[PDB]
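J.: Can you look at this? It's an experimental structure, sequence on top.
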Amino acid sequence: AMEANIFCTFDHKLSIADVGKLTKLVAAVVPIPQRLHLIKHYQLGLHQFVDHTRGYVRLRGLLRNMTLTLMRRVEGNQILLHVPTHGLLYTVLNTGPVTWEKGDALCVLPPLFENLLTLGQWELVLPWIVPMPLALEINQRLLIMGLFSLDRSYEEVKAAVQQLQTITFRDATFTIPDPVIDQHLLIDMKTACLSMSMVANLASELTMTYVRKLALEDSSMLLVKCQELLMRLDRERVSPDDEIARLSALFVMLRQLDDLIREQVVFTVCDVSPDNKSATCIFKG
Amino acid sequence: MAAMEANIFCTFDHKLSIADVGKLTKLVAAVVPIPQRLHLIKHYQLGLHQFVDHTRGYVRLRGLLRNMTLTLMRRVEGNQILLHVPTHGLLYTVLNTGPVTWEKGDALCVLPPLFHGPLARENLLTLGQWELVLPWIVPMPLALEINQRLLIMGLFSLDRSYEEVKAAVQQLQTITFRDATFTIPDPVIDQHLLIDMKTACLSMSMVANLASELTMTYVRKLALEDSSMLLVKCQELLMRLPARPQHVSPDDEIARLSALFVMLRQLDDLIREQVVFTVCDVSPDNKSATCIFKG
Amino acid sequence: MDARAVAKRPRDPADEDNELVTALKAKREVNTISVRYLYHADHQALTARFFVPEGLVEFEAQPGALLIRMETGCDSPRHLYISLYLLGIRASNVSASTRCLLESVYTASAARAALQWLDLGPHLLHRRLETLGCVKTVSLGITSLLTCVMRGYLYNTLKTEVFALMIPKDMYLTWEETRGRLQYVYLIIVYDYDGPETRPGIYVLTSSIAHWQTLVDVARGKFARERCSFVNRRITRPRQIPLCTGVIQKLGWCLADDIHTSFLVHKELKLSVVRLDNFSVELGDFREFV
Amino acid sequence: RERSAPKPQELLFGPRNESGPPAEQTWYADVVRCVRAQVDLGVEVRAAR
Amino acid sequence: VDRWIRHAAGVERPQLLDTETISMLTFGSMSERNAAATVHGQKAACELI
């Protein structure tokens, strides 16, 4: 009795040793760009997406748009991928650098680092599977290091960047890559950081008028305390068309940051072997 | 005792003509909402027409539609229609009701219908001062822009005079999306939108307060020695008026920026609809697509 | 491919042989094992197995309860599996009599360590906890075995009887007077910021509302005092970073007619609970509202 | 009231947290009204923080 | 005085992560290293009263 499967044909020849190398990934996760039936090997993995100017957050967005798949037995001249369906359970290989415990929640992240088999113009790379708190921590730290990119010259910033760069978890102490190269920012990181800083900046000078107008009416009465908090912040430190453009800019800038704001809860885990590389989990949308 | 039905039959009781059942057959594989679930229901409860009222506030209709349940249409036959409730994660086929073009790989949302062009297509089973008004299935950017423009218009209604509000409303009433254009019907300001205004302004002031010195100063610092069209537009939007950073504290900074992250999420959820559908490859005529039901 | 094969009715696990039967038929061999009918073959519910110390098992000796995973940063066992009933001893939304009863019943050594770990860290309960659905068997000992469902209809092995889920009475909350035949049940945590401690409240909420925006609207409507407390602490005490006056998690769908009120007995002590028999578990993650 | 915070040892084993004082205090009060010159002198009242 | 006694006695000053480890240790943890070599079997614990 067959089931729904995706067929993949390696266009380049595969030696026996290469097939034996690949078979060790029996049940690893592999992303595919589109839900075809007979896909070519160039589409597998995240290699075709990597670029020299585009950054990590672009990979995160593309992976969110990506379709997640699971592997099946490799055999003569063909390899089979099984696309999961919600609320069934599956086996996954913990390619990530973090061990798992029962009841952990997992999400998929683009990679940051044996190596996997390569071809003449091709390499095979798979995304990370990480528990949600560490995913939040790593995204927060990488974004905040994007902020310090501008001030890097001073030694305080270098020490702070080094301290932020290290991450600690259950018996895991790896280091994440510095999001700056040659004292310059990759353009997607620049857009994300600028969007967050702008949506922070716009709210400081826009809210006061609308808040003070609404203060007359609130029966829930906390909006007046909000007004007082904004006035205390002020103590700490126009034509309608410009106003409407500014509101539109605020909301479009917020939507630009939505690429990083929400997390796909891909997997929840069932008990794991001492072979801990391998674990079982239930797929969630 | 009770059992939750999954197959729903709808029976008409008006003496339909041949053209009515003919137009019903055209509607196969569309999506229709129901307020309550039973094995056999009357046509009066099916469709969105039951909710329309003379005030015609669009925000009211959106809020009402959010609570409703969604179903698909299957096996249309004489005066008896079968509606199948979708199960989360399964693969379904759907025929789009509205004129909005779809694209593969994106997400879709449910919205009440819009004023488009001459307003020609209302032929949907107009009978006995009742009609089958279907909801629209539209891609994510158009729905987000609609919610954004309603909320922005509501905010602008305050602190402004009547004629300025009229000009702004007449501008915001329009939308452009993928070579198409649409107009929002009856976007009148109402107390339903006032609740959204209150929560959105509270969240916005919170994100203003939680922002740290470095986050605020980043844009102004970068304008010093960088230059691009994006940067010049962003600077033009902002008001116009090196040094070692005043304070450095990655721990306090990361806590602050996490709180600001939560506040930004809360502000964003105001305009994000429930992501009903994720789409697969679509027929090139744009009429029907294969999708997965989520949420 | 052929027309008859395409038109043929789908395969029937209902009467076709199980795999072991096929193999033993193939070799014509018989073991002493009653190999024909496999238990749990038709089970749709996804099951997990958990080990727990002996102290916590009380009130789980009666089948049906929420099983929660709590975190502890120590090198030695990083997670401890706790029950919703014990978690009430920390909430400020429990009457004095019920809290005293729970404090008396759970006085085993292991339980108090979990209570220390819950409030010995700076972080609130929201970041510390995660939900595992409903527990349905006991096997007692110095270490006891629990089995638990994470996407399920809640039943005994032979499905001879449905297993209910019990919620303590003080935590149970309703926001509508009339109930539609379908309604969802959620886990609710709210925080009081006016007191010196960040004092948490624990709630379980049944509602006919499935859409997040309207549910959060009603929640902010009812929890207005707690929201005002959050704003008050934010304005009053700078350099402090509070967050999320309340959090929501979705956990269940149930047919509203099923709800009953019942008493629960253990150690010949009597507890008051609310009961949902024909229950099912659907699990989402935590989410924040302000 | 003049007691050190219990060590983790005492909290883990033996007696439970020893009961503290209740918020509900008892007061006795006099109230005087000036609009009509008359006084009340033997009042008993509940108090809380 | 503690430094002198621990230095002369031959036992290292104990250090444990944060406060929460003391509750974990009280719950139970094996917390001293195995000896380099064992020609004889287990170190028979002597208690001195």
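T.: That came through fine. Numbering: from 1, shown residues only, chains lettered A, B, ... in the order given.
J.: contacts and neighbour counts: CA atoms only from here.
T.: Noted.
J.: Would you map the helices across the chain?
T.: In the absence of a named chain, chain A is used. Along chain A, the segments classed as helices by DSSP state H run A:16-22, A:56-65, A:132-148, A:155-165, A:187-214, A:222-236, A:240-261.
J.: please go with chain E instead
T.: Under DSSP H, chain E gives helices at E:2-9, E:20-27.
J.: isn't residue A:29 right up against residue A:69?
T.: Yes - counting by C-alpha atoms under 8 Å, residue A:69 is a contact partner of residue A:29 at 6.0 Å.
J.: Neighbour count: those two, which is higher?
T.: Shown here are residue A:29 and residue A:69; by other C-alpha atoms under 10 Å in any protein chain shown, residue A:29 has more neighbours (25 against 20).
J.: Run through the residues that contact that one.
T.: For residue A:29, the residues meeting the contact criterion (C-alpha atoms under 8 Å, 6 or more residues apart in numbering or on different chains) are A:68, A:69, A:70, A:71, A:92, A:93, A:126, A:127.
J.: Is it possible to mark the buried ones in those residues?
T.: A:68, A:69, A:70, A:71, A:92, A:93, A:126, A:127 (16 or more other C-alpha atoms under 10 Å in any protein chain shown).
J.: which among the contacts of residue A:29 gets closest to chain E?
T.: residue A:93 (31.0 Å; C-alpha to the nearest C-alpha).
J.: check contacts around that closest one.
T.: Counting by C-alpha under 8 Å, 6+ apart, residue A:93 touches A:25, A:27, A:28, A:29, A:277, A:278, A:279.
J.: Which one (most neighbours) among the residues you listed?
T.: In terms of neighbours by other C-alpha under 10 Å, the contacts of residue A:93 top out with residue A:29 at 25 neighbours.
J.: ok, that residue to residue B:206 distance?
T.: Distance of residue A:29 to residue B:206, computed by C-alpha to C-alpha, to the nearest Å: 40 Å.
J.: And for the closest residue to chain D within the stretch 51-200 of chain A, the neighbour number?
T.: The minimum distance from the stretch 51-200 of chain A to chain D, using C-alpha to the nearest C-alpha, falls at residue A:170 (24.5 Å). Counted with other C-alpha under 10 Å, residues neighbouring residue A:170 total 13.
J.: Wasn't residue C:152 part of a strand?
T.: Yes - Residue C:152 sits within a strand when classified using DSSP: H, G, I helix; E, B strand; the rest coil.
J.: Contact distance from chain C - what residues of chain A qualify?
T.: Neighbours of chain C within chain A, by C-alpha under 8 Å from any C-alpha of the partner chain: A:87, A:89, A:103, A:170, A:220, A:222, A:225, A:226, A:229, A:265, A:270, A:271.
J.: right, and the first one touches residue A:281 too?
T.: No - between residue A:87 and residue A:281 there is no contact under C-alpha under 8 Å: 10.0 Å.
J.: Give me the more crowded residue out of the two.
T.: Shown here are residue A:87 and residue A:281; by other C-alpha under 10 Å, residue A:281 has more neighbours (23 against 20).
J.: Distance-wise, check that one relative to chain E.
T.: Separation of residue A:281 from chain E (C-alpha to the nearest C-alpha, to the nearest Å) stands at 29 Å.
J.: Would you point out which residue of chain D is nearest chain E?
T.: Closest point on chain D to chain E, by C-alpha to the nearest C-alpha, is residue D:8, at 6.8 Å.
J.: Quick check: that residue vs chain C, distance?
T.: In terms of C-alpha to the nearest C-alpha, residue D:8 sits 8 Å off from chain C.
J.: separation between the residue nearest to that residue when sequence neighbours are not counted and chain A?
T.: Among residues not flanking residue D:8 along the chain, residue E:23 sits closest, at 6.8 Å (C-alpha to C-alpha, 6 or more residues apart in numbering or on different chains). Distance, residue E:23 to chain A, by C-alpha to the nearest C-alpha: 19 Å.
J.: Counting neighbours, what do you get for residue E:23?
T.: 19.
J.: Equivalent analysis for the one 4 residues further on, please.
T.: As a burial measure, the neighbour count of residue E:27 was computed by other C-alpha under 10 Å and equals 13.
J.: my guess is it meets residue C:110, correct?
T.: Yes - between residue E:27 and residue C:110 there is a contact under C-alpha under 8 Å: 7.2 Å.
J.: one step back: show me the contacts for the residue nearest to residue D:8.
T.: Counting by C-alpha under 8 Å, 6+ apart, residue E:23 has contacts C:113, C:116, D:8, D:9, D:12.
J.: Please repeat the previous calculation with a cut-off of 10 Å.
T.: C:74, C:112, C:113, C:114, C:116, C:117, D:8, D:9, D:11, D:12 (C-alpha atoms under 10 Å, 6 or more residues apart in numbering or on different chains).
J.: Any chance of a ChimeraX selection covering the buried ones in these?
T.: Those of the contacts of residue E:23 that count as buried under 16+ other C-alpha under 10 Å are selected in ChimeraX with:
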select /C:74,112,113,114,117 /D:8,11,12
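J.: farthest residue from the center of chain E?
T.: Within chain E, the residue lying farthest from the chain centre (C-alpha atoms, centre = their mean) is residue E:39, at 21.9 Å.
J.: May I have the phi/psi pair for that residue?
T.: Here is the backbone geometry of residue E:39 (degrees, to the nearest 10): phi -70, psi -40.
J.: Check the gap between it and residue A:27 for me.
T.: The separation that residue E:39 has from residue A:27, given C-alpha to C-alpha, amounts to 47 Å.
J.: what sits against the residue of the stretch 51-200 of chain A closest to chain D?
T.: Residue A:170 sits in contact with A:98, A:99, A:100, A:101, C:73, C:74, C:75, C:78, where contact means C-alpha under 10 Å, 6+ apart.
J.: If we use 8 Å, what do you get?
T.: By C-alpha under 8 Å, 6+ apart, the contact list for residue A:170 reads A:98, A:99, C:75.
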